[PDB]
Protein chains: 2
Amino acid sequence: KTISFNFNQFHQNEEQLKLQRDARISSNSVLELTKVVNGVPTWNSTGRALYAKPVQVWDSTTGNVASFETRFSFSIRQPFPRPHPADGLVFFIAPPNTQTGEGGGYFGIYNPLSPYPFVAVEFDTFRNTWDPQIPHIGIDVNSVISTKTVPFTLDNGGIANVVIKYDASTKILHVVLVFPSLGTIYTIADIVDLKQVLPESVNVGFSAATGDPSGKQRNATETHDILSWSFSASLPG
Amino acid sequence: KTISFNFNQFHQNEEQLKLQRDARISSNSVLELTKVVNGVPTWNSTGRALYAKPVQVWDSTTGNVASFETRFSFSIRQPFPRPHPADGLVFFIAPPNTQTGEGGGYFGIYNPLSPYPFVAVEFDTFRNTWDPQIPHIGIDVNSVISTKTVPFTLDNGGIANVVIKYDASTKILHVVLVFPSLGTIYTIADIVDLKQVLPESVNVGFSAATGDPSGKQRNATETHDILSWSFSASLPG
Ligand SMILES: *[C@@H]1O[C@H](CO)[C@@H](O[C@@H]2O[C@H](CO)[C@@H](O)[C@H](O)[C@H]2NC(C)=O)[C@H](O[C@@H]2O[C@@H](C)[C@@H](O)[C@@H](O)[C@@H]2O)[C@H]1NC(C)=O
Ligand SMILES: *[C@@H]1O[C@H](CO)[C@@H](O[C@@H]2O[C@H](CO)[C@@H](O)[C@H](O)[C@H]2NC(C)=O)[C@H](O)[C@H]1NC(C)=O
Ligand SMILES: CCO[C@@H]1O[C@H](CO)[C@H](O[C@H]2O[C@H](CO)[C@H](O)[C@H](O)[C@H]2O)[C@H](O)[C@H]1O
Ligand SMILES: CCO[C@@H]1O[C@H](CO)[C@H](O[C@H]2O[C@H](CO)[C@H](O)[C@H](O)[C@H]2O)[C@H](O)[C@H]1O
Ligand SMILES: *[C@@H]1O[C@H](CO)[C@@H](O)[C@H](O[C@@H]2O[C@@H](C)[C@@H](O)[C@@H](O)[C@@H]2O)[C@H]1NC(C)=O
Ligand SMILES: *[C@@H]1O[C@H](CO)[C@@H](O)[C@H](O[C@@H]2O[C@@H](C)[C@@H](O)[C@@H](O)[C@@H]2O)[C@H]1NC(C)=O
Ligand SMILES: [Ca+2]
Ligand SMILES: [Ca+2]
Ligand SMILES: [Mn+2]
Ligand SMILES: [Mn+2]
């Protein structure tokens with residue numbers, strides 16, 4: 001049992017994608033998670049994009065958990081250097097049919113009022129109280145307070161290549177971030193037991209958010225574009 | 001305490017390096033692990049390059065194991081496509097003062113007669129009986145029969161960037177292989193307890209080998225050049 005899909009680009013109204021909130025697909029075929037007006041990213045924005053069909057990460061009958069690999073490219077343009085860009089984007093796995101959570105530093109995946117479990121890889125650009133220096137890659141399990149963190153220098157407006165791989169046998173989740181224009185490579189990994197955190201079926205996708213109004217800083221924003229995305233999951237039973 | 005060294009280039013008569021067997025440094029300052037004459041790689045060649053000073057990966061007094069990160073660039077040119085290039089190169093950690101092992105598929109790190117422990121990351125180009133398709137990256141522990149394997153397409157003559165990171169707290173060894181000219185990224189990781197496999201002090205370096213004469217194939221060869229190499233390790237206490 002191996003499921004998989006590929007998006008070399010995104011078309012308007014893909015029957016395979018479920019867009020929520022501010023998420024939208026541009027004319028250029030790019031998935032814009034957060035609002036961008038007349039070429040300018042806006043604040044107080046939150047958006048998600050989930051693969052329409054649910055994927056089975058583990059089977060309770062056999063006890064087997066799936067191994068998977070996903071690759072995508074994104075771009076984050078920060079037009080306004082000061083006071084501070086925000087907030088970042090994440091790739092996440094969550095139960096089916098969840099609704100966008102809180103924006104801001106919660107990226108739209110954490111819902112303080114009705115929390116749902118999730119595993120996510122974040123590309124954090126704003127330093128909240130619970131954060132280390134930014135930008136940083138983080139591995140999140142049921143919380144925005146990362147288990148592991150690693151700093152990286154953003155290629156403003158440049159393209160970033162990401163590879164996330166999960167090996168069920170070792171329970172290792174390793175992510176690689178590469179900025180081809182700079183030739184920089186960033187790596188991070190951690191042990192995560194998906195069977196202990198998530199239900200048998202889940203949704204996979206992205207979520208991002210720009211500055212929250214409470215910070216009263218309209219400049220706290222940036223773009224969160226996904227240029228391409230491939231996903232492959234393998235369940236031995 | 002934390003050891004650290006960097007080789008942005010290799011200078012002939014490199015004081016901080018122990019070259020063994022066919023390993024030598026060209027005029028262009030590249031580390032040629034295996035024999036190349038008049039611009040042509042030869043068979044029946046084996047060579048290693050070790051950092052002259054030993055590094056302490058763990059301390060028996062505190063029980064602490066070191067975390068480390070090493071980055072290097074290599075190039076493998078395969079002049080003769082048919083019948084089959086061989087054999088590949090590896091980055092390895094072994095006890096101090098070891099001597100080049102068997103060539104061929106053993107890369108010069110495995111000594112059937114008098115075996116010594118070692119952890120190595122291989123870039124295998126020839127398919128031996130114990131191998132999956134080639135080329136492939138492999139994680140080796142005391143043996144050339146990899147614990148984990150992942151296939152990759154070689155950029156013939158191109159430059160390859162490698163990042164190997166070891167996190168003592170999680171015991172995760174993750175390696176990233178990138179071919180900038182192709183934009184391809186390959187990743188692999190596994191759990192390895194260095195404290196259970198290696199002595200407190202070790203040597204770090206590279207080793208490679210070309211086709212073994214027993215195969216009666218002079219075309220079973222390729223180059224194994226190391227363009228640059230940086231290493232950093234942190235042993236707390
Ligand atoms: C941030 O976005 C919110 C929605 O994404 C804004 O609220 C929405 O405002 C629309 C126009 O007023 C209204 O049609 C929507 O129903 C409403 N959504 C809800 C229920 O929150 C929010 O600002 C709102 O509108 C301004 C004019 C004020 O009335 C605010 O008090 C509202 O929340 C946006 N935040 C800000 C302050 O820009
Ligand atoms: C592979 O290389 C070895 C070593 O160069 C060749 O065997 C001989 O090894 C002895 C070591 O005591 C040297 O003194 C000889 O000079 C080596 N051969 C010669 C005369 O060059 C071995 O023959 C090589 N394999 C083949 C078939 O070419
Ligand atoms: C010490 C707490 O920090 C401040 O928290 C504020 C609201 O709780 C603001 O943070 C919010 O807005 C910023 C953008 O201005 C980000 O979107 C944060 O993620 C969001 O919580 C303020 O900016 C913080 O300094
Ligand atoms: C299935 C057995 O394969 C053959 O094994 C031979 C020796 O056991 C030869 O392999 C040796 O030489 C080749 C060069 O062509 C490589 O260097 C191998 O690593 C080495 O063991 C023969 O080539 C194999 O087909
Ligand atoms: C938000 O971004 C714009 C565009 O880069 C900046 O010009 C703003 O700077 C602020 O306004 C200008 C006119 C000047 O007074 C400067 O001192 C201010 O900092 C910037 N505004 C914020 C919120 O920093
Ligand atoms: C070894 O590589 C060279 C360079 O590509 C090839 O020319 C050889 O091809 C074979 O041998 C030559 C002499 C010629 O007869 C050709 O028709 C053969 O295919 C190649 N030899 C091997 C080991 O296959
Ligand atoms: Ca944050
Ligand atoms: Ca081999
Ligand atoms: Mn964070
Ligand atoms: Mn192998």
Side-chain angles (χ1 to χ4, degrees), chain A residues 6 8 67-75 91 121 136-139 141 146-153 155 158-193 227-232 234, chain B residues 8 67-75 91 121 132 136-139 141 146-153 155 158-193 227-232 234:
Chain A
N6 179 67
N8 287 171
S67 286
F68 74 77
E69 185 184 316
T70 182
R71 295 167 181 259
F72 58 93
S73 288
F74 71 74
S75 184
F91 163 78
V121 172
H136 61 250
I137 307 175
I139 291 182
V141 184
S146 310
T147 60
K148 229 72 179 178
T149 253
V150 67
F152 77 84
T153 297
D155 180 22
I159 288 178
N161 296 328
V162 176
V163 180
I164 296 176
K165 197 162 171 178
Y166 182 70
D167 189 326
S169 64
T170 56
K171 296 174 190 176
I172 297 171
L173 173 71
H174 45 128
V175 356
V176 187
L177 170 66
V178 177
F179 286 109
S181 291
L182 307 181
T184 49
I185 306 169
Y186 299 94
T187 183
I188 184 177
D190 202 0
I191 297 172
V192 182
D193 195 343
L227 301 315
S228 55
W229 177 35
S230 63
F231 182 89
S232 195
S234 175
Chain B
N8 292 142
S67 289
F68 73 78
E69 183 183 316
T70 182
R71 294 167 182 257
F72 58 94
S73 289
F74 71 73
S75 183
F91 162 79
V121 172
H136 60 250
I137 306 175
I139 291 181
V141 185
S146 311
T147 60
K148 229 71 180 178
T149 251
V150 67
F152 77 84
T153 296
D155 179 23
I159 287 178
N161 296 329
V162 176
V163 180
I164 295 175
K165 198 160 170 180
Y166 183 69
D167 189 326
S169 64
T170 55
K171 295 175 191 175
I172 297 171
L173 174 71
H174 43 130
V175 355
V176 186
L177 169 66
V178 178
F179 286 110
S181 292
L182 307 182
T184 51
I185 306 168
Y186 299 92
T187 182
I188 185 179
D190 202 359
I191 298 173
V192 182
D193 195 342
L227 302 313
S228 56
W229 176 36
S230 65
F231 184 89
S232 182
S234 277

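In the text below, chain A, chain B and the rest are named by the order of the sequence lines, each starting its count at 1.
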Non-hydrogen atoms of chain B under 4.5 Å away: do they reach the side chain of A:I191, the backbone, both or neither?
both
Under a 4.5 Å heavy-atom cut-off, does chain B meet the side chain of A:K148, its backbone, both or neither?
side chain
With under 30° as parallel and over 60° as perpendicular, where do the rings of A:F72 and A:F91 fit, or are they tilted in between?
parallel
Quick check: does any side chain N or O of B:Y186 sit under 3.5 Å from a backbone N or O of B:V175, one acting as donor and the other as acceptor?
no
Do A:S75 side-chain atoms and A:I159 backbone N/O form a donor-acceptor pair below 3.5 Å?
no
Which one wins on heavy-atom pair count under 4.5 Å against chain B: A:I172, A:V176, A:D190?
A:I172
Exercise: do B:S228 and B:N8 side chains pair donor with acceptor under 3.5 Å:
no
Option that, when pairs with chain A are counted at under 4.5 Å, heavy atom only, ranks first among B:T170, B:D167, B:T187
B:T187
